[PDB]
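The structure appears below as structure tokens.
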Number of protein chains: 4
Amino acid sequence: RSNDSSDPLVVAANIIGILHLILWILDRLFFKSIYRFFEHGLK
Amino acid sequence: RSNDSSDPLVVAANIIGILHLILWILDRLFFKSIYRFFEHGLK
Amino acid sequence: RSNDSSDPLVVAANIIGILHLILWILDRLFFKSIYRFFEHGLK
Amino acid sequence: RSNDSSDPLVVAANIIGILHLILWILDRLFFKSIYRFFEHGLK
């Protein structure tokens, strides 16, 4: 009944691939915010 | 038959990733000066 | 007979997502080569 | 039944992408100096 996915590793790997770009790109633009994150910011 | 939905959210986010790089390569392409253009349009 | 893929857009979008990283990363490391590519190099 | 193969090449390339960023974030993490360490090992 359940045909299941024919490539669960590729898709499961795409979700992180996309989120990755959103991060790598968000850093290139907000490179300043990232620098602050490491510097303190945790409280 | 209760299941009937693929993954449109992951898709919109996927093509978006392709667009993210389009800006990446487009940015590295246009540096600052150096830009020839032939005057020819509505002006 | 052919179940076809359940998400041809996601996978078809992953192949470019991966190649993208290989390029974006290859540039961060060979940023010099990329600069040369645009500067002449075509002959 | 003649068809019997998924996409292992795209997978190895996919996980590799995840590893590419692992180096990206790991690089931004370690800047240059500033590195405390507790002497405690085989020495």
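All of the numbers you see were taken from the coordinates with simple rules; none came from a lab. Methodologically, a virtual Cβ is constructed for each residue, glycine included, from the backbone with ideal geometry; neighbour enumeration extends over all protein chains shown.
Going by the conditions given, is C:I34 within 30 Å of D:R1 (Cα to Cα), of a type in the set (V, I, T) and within 11 Å of chain B (Cβ to nearest Cβ)?
It is false that C:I34 is within 30 Å of D:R1 (Cα to Cα), of a type in the set (V, I, T) and within 11 Å of chain B (Cβ to nearest Cβ).
Out of C:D27, C:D7, which single residue is farther than 30 Å from D:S2 by Cβ, among the acidic types (D, E) and in contact with a helix residue (DSSP H, G or I) (Cβ under 7 Å, 6 or more places away or on another chain)?
Numbers: C:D7 fails: farther than 30 Å from D:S2 by Cβ.
Going through C:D27, C:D7 in turn, just one is farther than 30 Å from D:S2 by Cβ, among the acidic types (D, E) and in contact with a helix residue (DSSP H, G or I) (Cβ under 7 Å, 6 or more places away or on another chain): C:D27.
May I ask you to list the residues in region D:12-43 that are farther than 22 Å from C:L21 by Cα and hydrophobic (A, V, I, L, M, F, W, C)? Walk me through how you get there before you give the answer.
Within region D:12-43, the subset farther than 22 Å from C:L21 by Cα is D:31-43.
Matches in region D:12-43: D:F31, D:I34, D:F37, D:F38, D:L42.
Consider A:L19 carefully, then state whether it is under 17 Å from C:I25 (Cα atoms) and without any contact (Cβ under 8 Å) to a residue 12 or more places away in the chain. Steps first, please.
Values: under 17 Å from C:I25 (Cα atoms): yes; without any contact (Cβ under 8 Å) to a residue 12 or more places away in the chain: yes.
For A:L19, the condition - under 17 Å from C:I25 (Cα atoms) and without any contact (Cβ under 8 Å) to a residue 12 or more places away in the chain - is met.
Hey, among the residues in region A:1-11 that are facing chain D (nearest Cβ under 9 Å) and not hydroxyl-bearing (S, T, Y), which one's farthest from D:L21 (Cα to Cα)? Spell out how you get there, then give the answer.
Pass one, region A:1-11, residues facing chain D (nearest Cβ under 9 Å): A:6-7, A:9-10.
When the remaining residues are screened for being not hydroxyl-bearing (S, T, Y), the result is A:7, A:9-10.
Details: A:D7: 22, A:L9: 18, A:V10: 17 Å.
Top of the filtered list is A:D7.
Return the total of residues in region C:12-31 being among the aromatic types (F, W, Y) and more than 7 Å from chain B (Cβ to nearest Cβ). Steps first, please.
As a first pass, look at region C:12-31 and keep what is among the aromatic types (F, W, Y): C:24, C:30-31.
Subsequent filtering for residues that are more than 7 Å from chain B (Cβ to nearest Cβ) retains C:30-31.
Within region C:12-31, residues that are among the aromatic types (F, W, Y) and more than 7 Å from chain B (Cβ to nearest Cβ) number 2.
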